[PDB]
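Colleague: here is the input, now give the coordinates:
(2 chains, ligands or ions: 1)
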Amino acid sequence: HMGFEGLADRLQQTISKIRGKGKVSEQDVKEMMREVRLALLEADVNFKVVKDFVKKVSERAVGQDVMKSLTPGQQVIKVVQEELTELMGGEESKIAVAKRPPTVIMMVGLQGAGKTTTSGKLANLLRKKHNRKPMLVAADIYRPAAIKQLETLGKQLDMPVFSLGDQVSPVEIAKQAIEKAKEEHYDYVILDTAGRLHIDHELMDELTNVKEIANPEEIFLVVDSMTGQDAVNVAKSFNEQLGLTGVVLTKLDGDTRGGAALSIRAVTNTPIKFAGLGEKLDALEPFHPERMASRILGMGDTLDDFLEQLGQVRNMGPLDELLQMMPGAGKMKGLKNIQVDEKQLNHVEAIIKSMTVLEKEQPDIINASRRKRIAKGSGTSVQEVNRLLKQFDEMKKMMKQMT
RNA sequence: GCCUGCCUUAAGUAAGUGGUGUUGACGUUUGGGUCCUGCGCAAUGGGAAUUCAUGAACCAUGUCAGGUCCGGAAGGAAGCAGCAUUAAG
Ligand SMILES: Nc1nc2c(ncn2[C@@H]2O[C@H](COP(=O)(O)OP(=O)(O)O)[C@@H](OP(=O)(O)OP(=O)(O)O)[C@H]2O)c(=O)[nH]1
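Modeller: Numbering: from 1, shown residues only, chains lettered A, B, ... in the order given. Please find the structure below.
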């Protein structure tokens, strides 16, 4: 949904020049790449990653006109898209599933990254998308309000939150937590671990002790996307002093650059598994490097009863499959239209639910005063009613043309 | 010119056949209608005033899905299928 908006803005005007011109020249690719290189540098992408990326794209883009003279510029875009995709990890990296339940997932990171919130988001995702039965664990004893924060999120999910207070070691908390999860048949155990503002020795000593007693199948670093290269460095230090298997990037809804997301793989070899997209518990999505690459480049992929079904499936029934979300991402690339219904759509739905069942079955049976009364009940005098009838006639004509 | 025809014109006179009344307004006239035609009517039939179940988008029906507005809040609010829902079938 969210992220990278600033890099896109920059790239997409240089992309404009090449896409329109089918012809590929030595000077054209050089020029596009100079702009691409400046945009990646200003987005705080790792410096070595930039210089390697500009090299591999430019090499492929001048054998590509030799590759193909058909749709040549649209070929240059496909190379950039393919390299952006590899740069953010090849393909979706799915959650591990232990051979024997429970799967123990360790959440680590620095204070303020979003550990505690993301723990709750991941539990939520495991139950809704995968039909799992998770358990949250309170292993950060070093701040007050930390436990109560997790417990509060747990009460909104109806999921247990294991805690022994703040006078007991996190090694013991993790141990008992995992054994209760075995006895009571919980699929997943999510450990919310400690952390101050900066790494120290007595953070890593504790985290290695917890890994030891817990033998986790996944160790996720939760890291703030808006910190750019500082996030890449936090990743490097965690991956070296214990083992990371994954990364959760938080606060993409405030990250217009994307430096961290374009750099984590190449510097640490750790894959990005999820993105946080907001404060609520349901703002977590799997990281899909194709679709972000496509995003960055502006590249995509009974009349009354039918109206009621369209209103149900369009207003609150959003959620397509078979790459429907991928081709419809960003309003299907905007579609050259800057107007959304919103309250206009709400008024259209209110005008739609202004007629009887017979009027819904036969829309042409309404007399002039017959839907003058309906317009008085709806709020638009004749304008909304006649626009709705014109739209229904246009939809009928389109259905007759399609059939 | 009835010598034959005035038989159709002022009674009949009589053999043949089923009956029948006139002094009696009699009675052995047994069995049928005894107003057929207009006035005020009552067996009897045809459609009834009124009885029990169901029924108006606006358009008469109390809040009688909701959305807009007045309002940080609430109520008025297609009272749309359901409710009393009538006379209208
Ligand atoms: N917009 C957005 N926010 C996220 C996201 N993930 C986490 N946060 C926010 O970051 C802040 C830290 O979250 P925690 O859950 O406490 O992280 P921690 O355990 O690592 O300390 C929280 O709010 P906070 O403490 O109130 O933030 P602030 O007031 O310090 O700025 C949280 O709402 C995300 O994906 N999008």
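Colleague: tell me what the helix or strand hosting residue A:176 is packed against?
Modeller: Assessed by DSSP states H and E, residue A:176 sits inside helix A:170-183. In terms of contacts (3 or more C-beta pairs under 8 Å, 6 or more residues apart in numbering; DSSP states H and E), helix A:170-183 is packed against strand A:134-138, strand A:161-162, strand A:188-192, helix A:201-214. Where you see a C-beta, it was placed from the backbone N, CA and C, and this is true even at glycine.
Colleague: the first one to helix A:201-214, inter-axis angle?
Modeller: Computed with axes from the mean of the first three to the mean of the last three C-alpha atoms, to 10 degrees, the direction of strand A:134-138 lies at 140 degrees from that of helix A:201-214.
Colleague: just to revisit the earlier point, distance to the ligand added to the helices and strands packed on helix A:170-183, as JSON lines?
Modeller: Output for these, formatted as JSON lines (distance: least, C-beta to the nearest ligand atom, whole Å):
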{"stretch": "strand A:134-138", "distance to the ligand": "11"}
{"stretch": "strand A:161-162", "distance to the ligand": "14"}
{"stretch": "strand A:188-192", "distance to the ligand": "7"}
{"stretch": "helix A:201-214", "distance to the ligand": "13"}
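Colleague: which one of the ones you listed lies closest to residue A:381?
Modeller: Smallest distance to residue A:381 across those (C-beta to C-beta): 54.1 Å, for strand A:134-138.
Colleague: buried set for the helix or strand that that closest one is followed by?
Modeller: Counting by DSSP H and E, the next helix or strand C-terminal to strand A:134-138 is helix A:146-157. Going by neighbour count (16 or more other C-beta atoms under 10 Å), the buried part of helix A:146-157 is A:146, A:147, A:149, A:150, A:153, A:154, A:157.
Colleague: and of those residues, the nearest to residue A:312?
Modeller: Distances from residue A:312 to the buried residues of helix A:146-157, taken by C-beta to C-beta, are shortest for residue A:157, at 27.1 Å.
Colleague: please report how far that closest one lies from residue A:311.
Modeller: 31 Å (C-beta to C-beta, to the nearest Å).
Colleague: same thing with residue A:260?
Modeller: 40 Å.
Colleague: between these two, who's got more neighbours?
Modeller: Shown here are residue A:260 and residue A:311; by other C-beta atoms under 10 Å, residue A:260 has more neighbours (30 against 16).
Colleague: next, the contact list for that one, please.
Modeller: A:44, A:223, A:225, A:227, A:228, A:229, A:231, A:232, A:249 (C-beta atoms under 8 Å, 6 or more residues apart in numbering).
Colleague: for the ligand, see how far away the spatially closest residue to the fourth one that is not a sequence neighbour is.
Modeller: The spatially closest residue to residue A:227, leaving aside those adjacent along the chain, is residue A:260, at 7.1 Å (C-beta to C-beta, 6 or more residues apart in numbering). Distance of residue A:260 to the ligand, given as C-beta to the nearest ligand atom, to the nearest Å: 13 Å.
Colleague: helix or strand: which one has residue A:260?
Modeller: helix A:259-268.
Colleague: within the helices and strands, which one has the closest residue to RNA strand B within the stretch 201-350 of chain A?
Modeller: Residue nearest to RNA strand B within the stretch 201-350 of chain A (C-beta to the nearest atom of the strand): residue A:350, separated by 3.3 Å. Here residue A:350 sits within helix A:343-352, counting by DSSP H and E.
Colleague: elements contacting that helix?
Modeller: Going by 3+ C-beta pairs under 8 Å, 6+ apart, helix A:343-352 lies up against helix A:303-315, helix A:370-378, helix A:383-402.
Colleague: mind checking how far the longest one is from the chain centre?
Modeller: Same thing as helix A:383-402. In terms of C-alpha atoms, centre = their mean, to the nearest Å, the centre of helix A:383-402 is found 36 Å from the chain centre.
Colleague: list the buried residues of it.
Modeller: A:384, A:385, A:388, A:392.
Colleague: would you list the residues you listed in CSV and tack on distance to RNA strand B?
Modeller: What follows is the buried residues of helix A:383-402, written out as CSV (distance: C-beta to the nearest atom of the strand, whole Å):
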residue, distance to RNA strand B
A:384, 10
A:385, 10
A:388, 13
A:392, 14
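Colleague: hang on, the earlier thing: could I get the helix or strand following the helix holding residue A:350 in CSV with only the CA atoms?
Modeller: Sequence-wise, the next helix or strand downstream of helix A:343-352 (DSSP H and E) is helix A:357-361. The C-alpha trace of helix A:357-361 is given here as CSV (Å, rounded to 0.1, in the frame of the first residue of the first chain):
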residue,chain,number,x,y,z
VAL,A,357,-38.1,-3.7,-4.0
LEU,A,358,-40.3,-3.3,-7.0
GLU,A,359,-38.4,-0.2,-8.0
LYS,A,360,-35.1,-2.0,-7.5
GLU,A,361,-36.4,-4.9,-9.7
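Colleague: which parts of helix A:357-361 are buried?
Modeller: For helix A:357-361, by 16+ other C-beta under 10 Å, it's A:359, A:360.
Colleague: shouldn't residue A:203 be in contact with residue A:209?
Modeller: No - taking contacts as C-beta atoms under 8 Å, residue A:203 lies outside contact range of residue A:209: 11.0 Å.
Colleague: more neighbours, those two?
Modeller: residue A:203 (19 against 14).
Colleague: nearest spatial neighbour of that one, chain-adjacent residues omitted?
Modeller: residue A:195 (6.2 Å).
Colleague: also residue A:154?
Modeller: Nearest one to residue A:154, counting by C-beta to C-beta, 6+ apart, is residue A:161 at 3.7 Å.
Colleague: OK, contacts around the one you found?
Modeller: A:135, A:136, A:137, A:138, A:150, A:151, A:153, A:154.
Colleague: which one is the first one nearest to, not counting chain neighbours?
Modeller: In this case it means residue A:135. Closest to residue A:135 by C-beta to C-beta, 6+ apart is residue A:186, at 4.5 Å.
Colleague: contacts only, for residue A:319.
Modeller: So residue A:319 contacts residue A:325 (C-beta under 8 Å, 6+ apart).
Colleague: distance of it from residue A:295?
Modeller: Per C-beta to C-beta, residue A:319 is found 19 Å from residue A:295.
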